[PDB]
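Read the single chain below, which is given as structure tokens and is the form deposited in one PDB entry.
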């Protein structure tokens, strides 16, 4: 019922006496204990008048503590926090700049209807203040109000009031009007952040240098939004940004990189500005892969893009993207990926002595992605595919089951970009007919015995061994069994009649896969029909594939290179997936 709720004794009644004791070092303690309480989920709502009364103080720690408490009620239950607006108001006038800032920020974190009446004017007064810490708040709090409903005409006042303090003396202050503004501007009527520009640009790229870690970053971001028109406009902006191989190891660099690359449309190299820039951009990226793991990941997810658009930049620096045994799987994968993309026609020497390293390590997922990477390699550089296929044999003879199976599947894709060139090896691959438990590996063999059928006189009792447990088989293994036992009949008869019966038997009659049924039929409607015209639709030349997959749509590439810093650069997806 209301059992255990009494407030005539217990912990709450105790704290109530403590919040009224006239020894402030005991009041302070109470309010620590109360804040403690909220966080563990207790109902301190009944102590509210008593906590509020503790603001009637000289003491700063004590006022600051009451504030922390009211702030807990801010998003939590907004109503509660409102009950003491009549104290935020006549509490942004006090001296101590610390207190003024403290009371403004708090009001802006409240969200109900009656927040406007009391916040309007005292924010008008806060943006005009001797202390940059109070304008630095007043600033960020303009944003806050924007969220609670209203295009607010006076807000047109504020909307401007932000602008005018972008030409402010403090970089903490400015770089904050900006970050405030640049997000205000993503609720878009068509003209905002509006352009007093050469000033906007000139006074920002000076804020940018005396700035903090974080002031830099949101500035760099506001830039890239704007479009220049001329060479020397772009040029000068870029040299000013350039010193950003700097502080925030990672967001600072990559917001620099963002800018230096929207403004990469120039008359390049009559004189070589273009060629200095692209030289410059090598080192700072490079050094990100020495920072923290998480950030390495974002940086790598950005290098990925970057390296599709301007593959010049890191052409020479394949060395940083080498796998360190102790990195996280997710930083191992994104590296491997870029190791293929920068995989030139030269380095494949070492790149391959690396991928052989990994494919023999103890992390299974990564070993599989290694051997596949050794396919990606050979199918993007033929001046090496030969050495690949050798590398792959090494591993197949080391016997590690999961290394063998991944190795075979790559061998096929390799037997297909470079057809009729590695026919010798087939018997080395058939040594290991034994232990291909995985279903992909099998369909890799079967298709191998599929083409190159005549090169093995023993290609017969190979296929017969699989028919035993013909079910128990991935349907993709049977699809591969069928196409490959009619690649065998369009050549060898009579010895094959033993089987091509028992086989096509099941695709059309036993198996219930209606897609298998269709493809089984289609065939019987060719072979047990006409021995010549079956050939020309089936053994028809497969065209040479190219390196089809790993590569992004260049329209989309551009858009994402404009988002270099953000989430879109991690997901590789336009924003509108996550509105």
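Numbering follows the first chain given and starts at 1. So that the term is clear: the rigid core is the largest set of C-alpha atoms that superpose within 1.5 Å between two forms.
If you look for the form deposited in another entry, you will not find it shown, but the lines that follow are about it.
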Using a core superposition, identify the member of 254, 507, 223, 303 whose Cα displacement between this form and the one not shown reaches 2 Å or more.
507
Is residue 431 displaced by at least 2 Å at its C-alpha between this form and the one not shown when the rigid core is overlaid?
no
Aligned on the rigid core, do the two forms place the Cα of residue 269 2 Å or more apart, comparing between this form and the one not shown?
yes
Can a Cα shift of no less than 2 Å be assigned to residue 192 between this form and the one not shown, given superposition on the rigid core?
yes
Knowing the Cα distance between residue 103 and residue 156 changes 3 Å or more in that other deposited form, does it shrink or grow relative to here?
closer
